[PDB]
Each structure stands twice: as structure tokens, then as C-alpha cells.
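Student: Quick one, what's the 3D model for this:
(chains A, B, C and D, ligands or ions: 6)
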Amino acid sequence: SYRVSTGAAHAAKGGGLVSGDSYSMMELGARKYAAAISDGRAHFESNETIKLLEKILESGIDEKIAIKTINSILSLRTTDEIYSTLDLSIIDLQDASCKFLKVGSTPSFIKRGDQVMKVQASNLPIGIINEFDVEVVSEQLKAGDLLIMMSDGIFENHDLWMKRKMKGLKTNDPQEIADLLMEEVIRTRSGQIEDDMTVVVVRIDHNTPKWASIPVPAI
Amino acid sequence: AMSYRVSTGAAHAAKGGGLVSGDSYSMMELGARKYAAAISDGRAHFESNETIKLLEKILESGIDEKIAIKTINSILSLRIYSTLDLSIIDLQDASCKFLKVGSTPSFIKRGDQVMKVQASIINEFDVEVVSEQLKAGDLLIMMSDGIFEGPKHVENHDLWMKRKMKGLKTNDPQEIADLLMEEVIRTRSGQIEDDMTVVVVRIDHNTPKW
Amino acid sequence: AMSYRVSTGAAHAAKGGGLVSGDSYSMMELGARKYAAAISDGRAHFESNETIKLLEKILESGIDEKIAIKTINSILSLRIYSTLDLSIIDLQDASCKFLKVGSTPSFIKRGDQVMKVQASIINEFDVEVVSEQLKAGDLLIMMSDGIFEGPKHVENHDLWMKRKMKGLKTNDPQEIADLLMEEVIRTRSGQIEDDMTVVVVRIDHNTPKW
Amino acid sequence: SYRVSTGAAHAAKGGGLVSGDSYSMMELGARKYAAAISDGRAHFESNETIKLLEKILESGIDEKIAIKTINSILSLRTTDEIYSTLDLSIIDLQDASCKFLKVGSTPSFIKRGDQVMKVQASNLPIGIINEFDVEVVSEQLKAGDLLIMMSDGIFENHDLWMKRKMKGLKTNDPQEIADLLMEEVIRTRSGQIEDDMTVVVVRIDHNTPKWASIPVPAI
Ligand SMILES: OC[C@H]1O[C@@H](O)[C@H](O)[C@H](O)[C@H]1O
Ligand SMILES: OC[C@H]1O[C@@H](O)[C@H](O)[C@H](O)[C@H]1O
Ligand SMILES: [Mn+2]
Ligand SMILES: [Mn+2]
Ligand SMILES: [Mn+2]
Ligand SMILES: [Mn+2]
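Tutor: Numbers count the residues shown, from 1 in each chain, chains lettered A, B, ... in the order given. Ligands and ions are numbered 1, 2, ... in the order given. Below is the structure:
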């Protein structure tokens, strides 16, 4: 299975504000990659069901209600497949603010400098029924953040292992960090595994290329 | 001013991998606005939009170029969708399908070579459909009108872009994108008459140590 | 001038019916534009649209009226969707859920009785959520501003509509709709200041000979 | 399971042309009925997959291509369920023109006066692969038409039986015609059946209520 490495550059007419151009990309792990440019809407969007989940996150409804509603939405879906687990991270690229939605633990970690914090909510909702083990979190990322997400297989006290090993990373490169973190989990076995393993890593960085600084004429 | 950026990586191992795995992941990026990443334990998380979906299906038919162009037109004449430059890569065998509506155009750089992406009556919406077999190390470059028709006093834009891509002393997609943007902007003088978008994709062999 | 119309019927028998059947059917009508009917042999054919879907899900939660109103508002304040009068009937037990956004309002006629559909802080979009238990022979009547606020010099519109519905000497939905439209139009003089829409639904016992 | 009987009336401001009001309804057989009014889009729409099929019908692409494309669209769907059969009738309410899309025979019949014609294409496409047995038809209906659609169970030379019995109907009322046609199929058994039976009937009629004729002032 081939990988793709991508990159993009975008500039509005009269260097400022909003553009008639749009570009998008999407990757279905190990299967399909798509990229679109349009010169004048979003070329790609979430699932029927993930669209609904996103709308709840986006709303800013209080957290207990969001959890209740997500549970209900999750509640009525095609029994096959049960759509657990779900680990979903949505980064806003204007302010680098990230909303996390988890359905059936994961967990995910944010490495900042040498500090590796786990992605979890400060206030855990109690005194309710949460049948799908739904968790909703809001962190604020900044340039140089490394968000690592993993499945049950690779993740399996495990926080200490991940925390330590993520400090042990001497590289800032996502495709490298992923492969190494895989390597470390596998040699701990010393061979193949019965369970599926996937890890994705995302690095946040602050777009400041030379052409961005080329000045437009004055009057 | 400029929005934040994202650089991503993923590693995947099937159980005794192996044909299949319950696990799946996906990502999508709405340029400059939104990045999403999803992991699920044993129906993709993200998909094309409604109109791109019908066009995507027609591509995936494999029907004759002549009729697909004709049938996509009829579809588009019942919308405007503006222009569309769509590249779809199969990560299993690196084959690629291109759907162009309203031109573009696009280029592939294979070693020192650079070729335009084109297919070997009335075409109302200027539709093209193309297939290619990519290879590890290929660089696919997509761009809007403002980059490609950007250079100030250039007769043959095709030739200008090839020559510039042939001169890229870099296999890094983000550098290439930024370099091509810069070269166009400087032919004017920080002046940006049209919106400018470039997307660069590199095909890699997935073959880590495990 | 006026569009064509449709009058529909369906009969369904499960195998030794019986809890379940591979067969399903559906219909939908986009008022004055489109009618569709589907039969399938062993995922509904038609569904609410994207925004109605989220609102529909919230209704089907069953969450507290106070918070559902509050949560639907927050949802609507991220769109305008205009107004929405939505009635959803469960054909198994004849229970009914109503979602009103931006008023309406609506009425149910049970025998000689006629009651308005209403639920026993800031409500930005004027949202109501209501549940009722309907019964064989009930007549549910829905209408837009132009019908209900239509009558020329009437102080209490609620009372005008009840009195008129109480006087319906007819259990046929299409007749009721046409009669109510006529009564409003004549209070003006063929003059139609606003758009006028009325929808009438009657609940029947399905109990044919078999 | 309850039934609903419905009706509706609609009039644009200043009796003519296009309205800010819209109304819709939908019924999921034996399960759910919904009705919406909006005072200013369609409240209800087809499936993800039926949307795509509809777009192909709507396009006026030639028939062989439409059949090929529908097959491909049909071709890539969730293996469960195989979504065969499909009998789909779409009436345009402006001109009473009906597009039929069939996936795995049915068939459906249009009764006009005492004439009962079967819904099939005049030119059947040959020299192709049609894996889902896709059929696409275009008839023009008129006031007083009775379109009858049925599943494999009730329909089972059967055309002669349906044709005769549909002539034998002495009623113009859809919910009656359906129940009778069920009755006739069942007594032919004389009890219950192993196979599922459903029939839907649609009568086309030409909207001309009294209020439509009430005149608006002249100058
Ligand atoms: O693989 C690289 C790219 O894949 C794309 O589908 C993702 O959207 C992401 O925006 C990029 O990182
Ligand atoms: O049952 C009656 C009604 O059901 C509705 O869902 C259908 O859309 C049809 O427009 C009506 O006939
Ligand atoms: Mn697992
Ligand atoms: Mn442009
Ligand atoms: Mn109005
Ligand atoms: Mn059957």
C-alpha cells in the first residue's frame, strides 16, 4: 500500500481576506486519497452520522446535553456496524482550537515541548447514563504541538509507557513518529499481533512562508 | 493573517497483516479552514460531497471517455459548480483518476521528466477525464488559474511551469508548493491579481521497519 | 395554473404477519412539485433533510422540554431556516411529536372537540416541542401564517379556526383543506395577501378484511 | 398499525406563480408519517443512493448509459443489504410526467379508463451486461390514471390475472383498490403466505377546487 505526502499553498487575490479558490483533501487509510481544487464549497464532508455529531460539538450546547444527544444519535444507527469505537479530532485552522469527540476510550495525547498531556475532560459527567462511553473535550493547540491518536491495539499502566516513549522521540516528523511508536509497541511483542494497530500523528505549525511576506504596493 | 497548518502521519498494521483489519482511519482537510482525523474499531468517516459523488461514480464506472464527458456535461448542466480539478489516487496500486471540469491544468514530475495531465464534438463545460499509473517518487502538482496563468509576460504557460518544476531541487511537497507560489508572485511584484492555489502530492512506498 | 394532484393507498401483509417482512414501501411528496413511491425487497427510501435530521433526533431523544428548546435554539442560531412546523406520527401506536420553530400554529379535532397544539427564559427562535397521543378518527390540521392570520377583521384567530373546524361536515382530509382555504380567501375577496398553506392529516385504524 | 389519510391546499400570495411557503410529507410504510410546513427547501429527500439514481434519471442521458451508470452506482453499495429489488416511481406534479426506475422486475401497471397497460420500456437494451436487471421507463400520465405497484409476493401468466382483476375493480379509490387487490391475491391462497406482499396505488388527478376560481380584483 502506497502512502502520499502532501502540501499546499494558497493566496487570496489582492493579498488579503477571503478567496474564490478552495482546495480540499481526504484520505481513507490505506485505500484512497483525493485532492480537489475549485475556482469560483467543501469538496469533502463527514458521514451522515458524523455530520450530526459535528453539529452538536459546533453548537456549544452544554457538555452533559451534548453527551446525551450524541448518545441518542449514536443510539439510533445501523446495528451493523455498532460504530464503536470512534476517536475524532477536529482542528480549526484559523485559531488552532481542537474539539475532540470520543466514543469508547482511546486515549489521545498532546506533546507540547517536553510536556506530554493526555486528552481528557477536566470535569467527567457523573449521575447519568452514558451507554456509548461518550467523551467530549476542548483543548487549545499551538504551533509545535504533536497530537497522537491510537487504537486499542497499539495502546495495549499504559499512559506512563506512552508518555515516556513520546518523550523518547527525538524527531518532530509525524510519519516518523508514527512508525517509531509502532516499532516500540511491536518489539514489546517481538513479532505479529492478533489485534489491529493504527496510530495517526498530527503536527500543528504556523504557516509563515517567504511569499507571505512579499509586500503589495502602497498608496 | 495566514491560517495555521498541519503536517500528518499514520502507521497501520493489520492482525498478522494480512488482508483485513477492523481498524480504519481517515483524514480530511478543507484548505485553510478545517482538519479532521478519525480512528474507528471494527463506511468511511469522510466522503465527497453530493455532486462530486455522482461525478466520482461515473469516473469509477470506467465507461468510454467520449460518453463519460458527454454524461458528466449533462449532469453539470443541471446544477454553476464553478471549476473542478479532482485527483483520486488508489493507495493500493497507485493508479490515479483525474476529473477536470473547466480546465486547470496539472502536471506530474517523474525523475527529471515533467508531463501535463491530458487524455491521449461539443464539450459544454470543458470536461476532461484521464487515468494514469503513478509510481513511487512521482510528484503530482495541481493548481488554479491564478498560479498557472499567473506569470506576467509568458506565451507558453505549459513550458514555463515544466521548466520551473524541472528545476525544483526538493522532494518535499510543502516546499514545492511554496516555491511555485513564490516564483509566480515575483513575476508580478507582490501583486496578486487572481486567487492562487497550488496542491502538491508525492507518492511513497509504504515500507517501514516491521 | 394549479399543479396536478395525487391520491394514494397502500396495503401491506407480513409473512404470517407477523412481526417482520423483507418488503418495505415509502412515499414522499414535495408539495406541488414531486411525488415519489418506492417498494423494496429485503434504510428508508426517503428521509428528512440535513438540518431537520438533527432536530428530529433531538425530539426523539425525549430530553426535557426546557433543555431541548434551548438546545434546538443553539442549533438554529448556527444556520436562516425560516419557520418550521413539523409533525411526526408513529404509525404503530399513533403517538405524535411536534416541533414548531417560529410558530404556526396547529389544531386537532377529536369528535366535536378542537384543541390547539401547545406544550402544557429567552426563546430566541420561538421554539416549541410537544407530544400527544392521537386516536383513530383524529384530524390533525397544520397551516402557515397566511391561512391562520388570514381572516380580515378577527381579534381571536384561535377561536375563529376552532369554530370553523368544529363546523366541518366532512371527514375527508382534502375537502377539509380546500374548505378551510376557501373560508379564509372569502373574508378577503379572492385577495391573497400572504402565501397560504394548509395540511390535513386523519388517523385511521388499519383493519381491512384479511 | 394505524394508517393516515392526508390532504393539502396551497396558494401563492397574489394568486399566481411561486410561493415562499413549502409543504412536504413522507411515509415509511407501516412505521412513520411526517408532514412539514415552512414559511420563507425540501423537508424530505431520497436516500444517499436513490439521490444518485434520481440524478441519472433527471439528466436525460441516453438510456443504455443511464443503465450502465445505475448498475455501477448500484454496483458499489453496502453488500448488506444488496438493495434488490427496487421499484421507484417519480411523478412530476407540474406536468404529470412519470419516470420509473426498476431494479429487479416488479412490474407495475397503469390503468387508464378500461385500458390496463403494463409499465415497461418499448426498446429493451440488448448486447450489454445488466447485472441488476435495471429498467428505466418514461410514461406520461393524465388525470384519472391509476398507477399500481406491487412486490414479487402479491404479483405471484400473471399479467393476465392482474390486468383482468384491475379491470374488475369498480372503485376509483386507492386505499380501496389496494386492499381489494390484496384480498384477491390472498383468497387465491385461502389463508396466510410465506412471502411478503405489498401493493401501493396512486391516482393522478387535476386539482381544480372552488377557491382556485375565486377571482382577484382588476385594474
Ligand atoms: O497524507 C497527507 C494528507 O492526507 C490528507 O488526506 C489529509 O487530509 C491531510 O490533510 C494530509 O496530511
Ligand atoms: O398516506 C397519505 C400520504 O402519505 C404521504 O407520506 C405521501 O407522501 C403521500 O403524499 C400521501 O398520500
Ligand atoms: Mn481492537
Ligand atoms: Mn480564478
Ligand atoms: Mn408568510
Ligand atoms: Mn419476496
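Student: Helix, strand, or coil at the nearest residue to residue A:63 once chain neighbours are set aside?
Tutor: With sequence-adjacent residues excluded and distances taken as Cβ to Cβ, 6 or more residues apart in numbering or on different chains, residue A:63 is closest to residue A:136, at 5.8 Å. The way it works is simple: take the backbone N, C-alpha and C, and place the C-beta from them, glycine included. Look at residue A:136: counting by DSSP: H, G, I helix; E, B strand; the rest coil, its state is strand.
Student: bridging residues for residue A:136?
Tutor: residue A:101 (DSSP bridges).
Student: where's the closest residue to ligand 1 within chain A, which helix or strand?
Tutor: Distances between chain A and ligand 1 by Cβ to the nearest ligand atom are smallest at residue A:27, namely 3.1 Å. Following DSSP states H and E, one finds residue A:27 within strand A:21-28.
Student: Is that strand in proximity to ligand 4?
Tutor: No. Using Cβ under 5 Å from the ion, we find that strand A:21-28 stays clear of ligand 4, coming within 6.6 Å at best.
Student: okay, the angle between the very next helix or strand once past that strand and helix B:50-61?
Tutor: Remark: after strand A:21-28, the chain's next helix or strand is strand A:32-39, criterion DSSP H and E. Angle, strand A:32-39 to helix B:50-61, by axes from the mean of the first three to the mean of the last three Cα atoms, to 10 degrees: 130 degrees.
Student: Pairing partners for strand A:32-39, with directions?
Tutor: Strand A:32-39 has these strand partners (DSSP bridges): strand A:21-28 (antiparallel), strand B:84-90 (antiparallel).
Student: Alpha carbons of the first one, in CSV - could you do that?
Tutor: Taking only C-alpha atoms (Å, rounded to 0.1, in the frame of the first residue of the first chain), the coordinates of strand A:21-28 have been written out as CSV:
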residue,chain,number,x,y,z
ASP,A,21,-10.5,29.4,-4.7
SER,A,22,-11.0,26.4,-2.4
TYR,A,23,-8.9,23.3,-2.1
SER,A,24,-9.6,20.1,-0.2
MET,A,25,-8.1,16.7,0.5
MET,A,26,-9.2,13.5,2.2
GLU,A,27,-7.5,10.1,2.8
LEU,A,28,-9.3,6.8,3.6
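Student: From ligand 6, how far off is residue A:155?
Tutor: Distance, residue A:155 to ligand 6, by Cβ to the ion, to the nearest Å: 47 Å.
Student: my guess is residue A:116 meets residue A:109, correct?
Tutor: Yes. The criterion here is Cβ atoms under 8 Å, and residue A:116 meets it with residue A:109 at 5.7 Å.
Student: So for these two, which residues contact both of them?
Tutor: Shared contacts of residue A:116 and residue A:109, defined by Cβ atoms under 8 Å, 6 or more residues apart in numbering or on different chains, comprise A:162, A:163, A:166.
Student: Turn these into TSV, columns for distance to ligand 6 and neighbour count.
Tutor: Below are the shared contacts of residue A:116 and residue A:109 laid out as TSV (distance: Cβ to the ion, whole Å; neighbours: other Cβ atoms under 10 Å in any protein chain shown):
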residue	distance to ligand 6	neighbour count
A:162	53	22
A:163	58	17
A:166	57	20
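Student: ok, of these, which one's closest to ligand 4?
Tutor: Nearest to ligand 4 out of the shared contacts of residue A:116 and residue A:109 is residue A:166 (Cβ to the ion; 43.3 Å).
Student: Which residue would be the closest one in chain A to ligand 4?
Tutor: Taking Cβ to the ion, chain A has residue A:39 as its residue nearest ligand 4, at 4.2 Å.
Student: Distance check, that residue against residue B:39.
Tutor: 34 Å (Cβ to Cβ, to the nearest Å).
Student: Who does the residue nearest in space to the middle of chain A form a beta bridge with?
Tutor: Closest to where the C-alpha atoms of chain A average out (Cα atoms, centre = their mean) is residue A:89, at 3.3 Å. Residue A:89 forms beta bridges with residue A:100, residue B:37, as assigned by DSSP bridges.
Student: got the contact list for it?
Tutor: Counting by Cβ under 8 Å, 6+ apart, residue A:89 has contacts A:98, A:99, A:100, A:108, A:147, A:149, A:202, B:36, B:37, B:38.
Student: The fourth one contacts residue A:146, doesn't it?
Tutor: If I follow you right, that is residue A:108. No. Applying Cβ under 8 Å, one finds residue A:108 not in contact with residue A:146, separated by 10.9 Å.
Student: tally of neighbours for the closest residue to ligand 5 within chain A?
Tutor: At 27.3 Å from ligand 5, residue A:55 is the closest residue in chain A, using Cβ to the ion. Neighbours of residue A:55 under the rule other Cβ atoms under 10 Å in any protein chain shown: 20.
Student: Same question for residue A:41.
Tutor: Neighbours of residue A:41 using other Cβ under 10 Å come to 14.
Student: How about residue A:15?
Tutor: 17.
Student: which bits of chain A sit near ligand 3?
Tutor: Near ligand 3, when you scan chain A using Cβ under 5 Å from the ion, you find A:152, A:153, A:195.
Student: and the residue in chain A that ligand 2 sits nearest to, how many residues sit next to it?
Tutor: Nearest to ligand 2, among the residues of chain A, is residue A:76, at 20.5 Å (Cβ to the nearest ligand atom). Around residue A:76 there are 11 other residues, counting by other Cβ under 10 Å.
Student: what's it sitting at in phi/psi?
Tutor: phi -100, psi 90 (degrees, to the nearest 10).
Student: burial measure for residue A:78, as a count.
Tutor: Residue A:78: 12 neighbours (other Cβ under 10 Å).
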